[PDB]
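Heavy atoms only: backbone and side chains are in, while hydrogens, waters and symmetry mates are out. Along the sequence shown, the residues carry numbers beginning at 1. Counting starts at 1 for both ligands and their atoms, following the listed order.
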Amino acid sequence: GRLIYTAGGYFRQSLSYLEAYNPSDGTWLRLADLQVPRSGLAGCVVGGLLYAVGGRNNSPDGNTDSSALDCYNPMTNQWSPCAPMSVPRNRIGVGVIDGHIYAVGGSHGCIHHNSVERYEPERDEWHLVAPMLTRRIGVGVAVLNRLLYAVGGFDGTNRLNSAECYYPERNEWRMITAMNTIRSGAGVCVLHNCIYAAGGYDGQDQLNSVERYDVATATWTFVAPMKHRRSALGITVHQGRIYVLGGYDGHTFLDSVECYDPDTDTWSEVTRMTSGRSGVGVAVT
Ligand SMILES: COC1CC2(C1)CN(c1cc(Cl)c(C(=O)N3COc4c(cccc4-c4cc(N5[C@@H]6CC[C@H]5COC6)c(C(=O)O)cc4F)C3)c(Cl)c1)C2
């Protein structure tokens with residue numbers, strides 16, 4: 001059995017919540033809080049351990065971008081600090097290849113990173129890899145066919161519909177087919193050999209649209225839109241289905257959790273988070 005973990009987020013200030021949802025019975029476990037509250041972080045899992053990467057602590061006493069990497073063990077209910085990244089990265093994207101964590105883009109104040117770095121849990125060390133062709137904050141990250149994809153975001157001037165791919169053996173990036181829609185702060189994941197980009201902001205409107213990248217045809221196709229338009233949503237895959245958690249729609253910090261079934265091409269509202277929040281990091285283990 002596996003759970004959907006949600007770490008951090010934002011509602012009035014950055015949050016430290018760590019909760020786990022069980023899609024089988026609809027329950028939520030309240031787990032050990034993060035040591036530092038963070039929103040705009042990303043989550044990932046390597047060897048059954050959950051990692052909270054980057055983000056920012058927006059508090060009444062100040063706003064600080066995070067270069068932190070923290071590791072949570074579900075067996076011990078404890079968070080442990082790991083080696084920090086070279087730079088703080090708020091609104092970061094993360095992907096895992098062969099048990100190695102890639103921290104992609106994100107911001108540190110007014111700096112919009114195009115830099116990318118890779119963490120080895122086996123050595124507790126980070127190292128920079130080739131930088132992206134585009135600076136991207138609010139970027140979605142997908143791992144497919146041992147390639148790392150960086151989708152959408154904001155380059156410091158424009159919100160982006162562009163996407164690019166990293167080749168680990170060659171240590172290089174190339175631009176791929178751009179999405180139909182500009183999406184900054186979308187939820188990006190991989191399901192059944194396809195990349196999905198759900199929601200996000202196009203520069204004018206919060207989106208409920210969802211599009212899917214097919215590798216063989218190099219095309220983005222729209223699938224069923226979500227019930228609730230949202231940006232800065234958590235996203236993950238559990239048992240062949242996509243789950244989107246929270247986010248912000250221009251008026252509300254959503255507690256909605258929707259689930260996409262690819263066989264029927266339908267979204268259904270399956271539960272609510274214990275409190276409405278945006279900018280969470282999510283992972284399954
Ligand atoms: C009472 O007024 C207050 C309430 C207020 C203003 C504090 N409000 C807040 C405060 C916060 Cl700390 C957040 C939040 O969770 N963040 C900050 O943005 C992001 C987070 C994570 C991923 C992407 C974005 C992002 C979010 C963006 N924004 C888009 C889509 C969401 C966000 C705002 O709407 C436009 C953009 C962008 O502008 O392109 C780029 C991104 F990387 C984390 C949100 Cl979502 C709203 C909203």
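Of the heavy atoms in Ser278, both backbone and side-chain atoms come closer than 4.0 Å to ligand 1. At a 4.0 Å heavy-atom cut-off, ligand 1 touches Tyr10 through the side chain alone. Contacts of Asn90 with ligand 1, taken as heavy-atom pairs under 4.0 Å, are absent altogether.
Distance screen at 4.0 Å: atom 6 (C) of ligand 1 has no protein heavy-atom neighbour inside the cut-off. Within a 4.0 Å radius of atom 26 (C) of ligand 1, the protein has no heavy atom. In this structure, atom 43 (C) of ligand 1 has protein heavy atoms in its sub-4.0 angstrom surroundings. For atom 1 (C) of ligand 1, no protein heavy-atom neighbour is found at a distance under 4.0 Å. In this structure, atom 19 (C) of ligand 1 has a protein heavy-atom contact shorter than 4.0 Å.
Those atoms of ligand 1 with a heavy atom of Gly279 less than 4.0 angstrom away are 15 (O), 43 (C). Shown in contact with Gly40 at under 4.0 Å from a heavy atom are these atoms of ligand 1, numbered in order with element: 21 (C), 43 (C). Listed by atom number, the atoms of ligand 1 under 4.0 Å from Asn58 heavy atoms are 12 (Cl).
With respect to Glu258 and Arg241, no salt bridge is recorded, no charged nitrogen being found less than 4.0 Å from a carboxylate O. With respect to the salt-bridge test (charged N to carboxylate O, under 4.0 angstrom), the residues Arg277 and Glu19 qualify. A salt bridge is absent between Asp205 and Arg229: the closest approach of a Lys/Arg side-chain nitrogen to an acidic carboxylate oxygen does not fall below 4.0 angstrom.
Ring orientation note: the planes of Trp220 and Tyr213 are tilted relative to one another, at an angle of 30° to 60°. The aromatic rings of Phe253 and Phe11 lie perpendicular to each other, with more than 60° between the two planes, well past the 30° mark. Between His238 and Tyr243, the angle of the ring planes goes over 60°, which puts this pair in the perpendicular group of the 30/60° scheme.
The single protein non-hydrogen atom nearest to atom 8 (N) of ligand 1 is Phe253 CZ, 3.8 Å, given as residue, atom name and distance. For atom 17 (C) of ligand 1, the closest non-hydrogen atom on the protein side is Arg91 CD, 4.1 Å. In terms of protein heavy-atom proximity, atom 30 (C) of ligand 1 is closest to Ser231 CB, 3.4 Å. In this structure, atom 4 (C) of ligand 1 lies nearest to the protein heavy atom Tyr248 OH, 4.0 Å. The closest protein non-hydrogen atom to atom 40 (C) of ligand 1 is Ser184 OG, 3.2 Å. At the shortest separation from atom 38 (O) of ligand 1 among protein heavy atoms lies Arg159 NH2, 2.8 Å.
For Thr76, the side chain to side chain contact (heavy atoms under 4.5 Å, CB included) partners are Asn73, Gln78, not counting sequence neighbours.
Shown here is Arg30, whose CZ atom has more than 12 heavy atoms of other residues, nucleotides or ligands within 6.0 Å.
Between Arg123 and the options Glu125, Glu120, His127, a side chain to side chain donor-acceptor pair (under 3.5 Å) holds for only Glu120.
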Checklist entry - Can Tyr102 and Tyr119 be said to form a ring-ring contact (aromatic ring centres under 6.0 Å, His included), step by step? => result CA-CA 6 Å; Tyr102 286 82; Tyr119 177 74; over 10 Å; no
Next on the checklist: Please evaluate residues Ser115 and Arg135 with respect to the criterion side chain to side chain donor-acceptor pair (under 3.5 Å), reporting the C-alpha separation (whole Å), side-chain torsions for both, the decisive distance (0.1 Å), and the verdict.
Outcome noted: CA-CA 8 Å; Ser115 67; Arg135 300 176 182 274; over 6 Å; no
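Remark: ligand 1 and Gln206 share an N or O pair separated by less than 3.5 Å (distance only, no angle test).
The closest approach between a heavy atom of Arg56 and any atom of ligand 1 is not below 4.0 Å.
Going from atom CZ of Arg38 over to atom CG of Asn58 covers 13.0 Å, rounded to the nearest 0.5 Å.
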